[PDB]
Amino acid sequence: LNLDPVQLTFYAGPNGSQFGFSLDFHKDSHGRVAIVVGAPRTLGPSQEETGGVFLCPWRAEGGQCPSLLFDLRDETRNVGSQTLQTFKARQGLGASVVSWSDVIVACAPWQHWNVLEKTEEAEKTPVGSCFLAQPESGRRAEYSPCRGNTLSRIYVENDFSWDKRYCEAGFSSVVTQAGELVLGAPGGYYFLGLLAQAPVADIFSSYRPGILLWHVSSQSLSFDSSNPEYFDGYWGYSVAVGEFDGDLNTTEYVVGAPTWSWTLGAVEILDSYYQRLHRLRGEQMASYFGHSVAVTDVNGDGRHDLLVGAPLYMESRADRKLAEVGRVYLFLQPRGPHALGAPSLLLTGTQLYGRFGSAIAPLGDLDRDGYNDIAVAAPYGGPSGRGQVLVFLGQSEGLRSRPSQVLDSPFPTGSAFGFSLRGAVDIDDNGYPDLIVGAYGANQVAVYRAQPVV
């Protein structure tokens, strides 16, 4: 309703960098809010793309941002009669960013890895990797849970079981309130998908530079499966956390698997041991149900609700025809130990190929009426096809079926405005939570400030 679409703030990265592909709010040790921005095609030291991360101080005028520097150099270690190798070319550093406490986690899902031993090798594969920074201290760490030193032949002899070579760890990421990093790795276990978790504190204390393969003993990974429903399911394409079992000392994980069961798609809610508590099945094959997931209590009963995006959902129209528009599903959490039901609300796109539901950001309570609200991105939506973000307000029965506000892209065609979204943080300290919108195709991010309701 009350985001200001007249006086925006723009931050800009280098041309071709995809600045804005990912973003998050970051609070420093003093509560000063900054914006962390991923730019996964930023050029590295060999004038080759490796990605980068920027940490933008809050200014109404916006502008250029300083880099948050990470080591962009390929590493080699000869040890244990093996040769360990990292390859950061085209790794996509900043394809996901997330902030927690005074720490920033920025991931490079396409970082490649190999191990040589005489004439054999592990195979050069995209294990992915995450880089962790504490900006104020300069501390740096890394976490790459899918690196191994097993040779190609042993996977073949063991029927490709527990094959983490194509994980793409960091493809999606989230940090629990207690500070456990949870990474989605949609290529894990030969394209089934996996989740990897470890406390941030243990990531920092276990890392040393140059080691490349090290143990983070408090870590926990999900499991391989023999069930074809999971094959090529990309479980971990999106991740979120929330409270869904009524027990406030356990944190539950929400995981999107948008090609689960022969492209039907699914989202699963699990406990922290990766045991499945609920599964939401997609409605339409190829809709990419699970592309995005969001967790927020929208109806003011103190129980977290789930939103799921299916950006390629085709809506039925006159004369037995179908129109790709995208859809968002709201599932309200019932009282007590019961199943999440059918959806409580379906929100459906209008613009053909608009990809409504491609991103869903909790906004907190934007209009200050006691119900949390959401923003849904349609990156190619709007009457001009340039991208739209739509705000829907919470209410006692769930969400309103009609947007309170629509933000049309201020950028040119092709910007992908809305592909990344983040809300629920008051960046200017005016007592209303604000919205940051990435437009990676324009290498920019737009800040919408919430203002008093008119």
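Numbering starts at 1 and runs along the sequence shown.
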Practice task
Identify the stretch, either 135-143 or 257-265, whose C-alpha atoms have the larger mean B-factor according to the entry.
Solution key: 135-143
Handout entry: Residue range whose averaged C-alpha B-factor is higher in the record, 380-388 or 289-297
Key = 380-388
Fill in the blank from the handout: Comparing C-alpha B-factors across 217, 372, 222, 149 in this entry, the winner is 217
Practice task
Check the PDB entry and point out which of 238, 161, 358, 227 has the largest C-alpha temperature factor.
Solution key: 161
Completion exercise
Assert third(CA B-factor, residue 46) within chain per record equals highest
Fill in the blank from the handout: By the entry's values, the third containing the CA B factor of residue 168 is the lowest
Exercise for the section: Quick one: classify residue 405 as lowest, middle or highest third of the chain based on its Cα B-factor. Expected result: middle
Problem - residue 321 - which third its CA temperature factor falls in, relative to the rest of the chain - result: highest
Fill in the blank from the handout: residue 351: CA temperature factor from the record, placed by chain third, in the middle
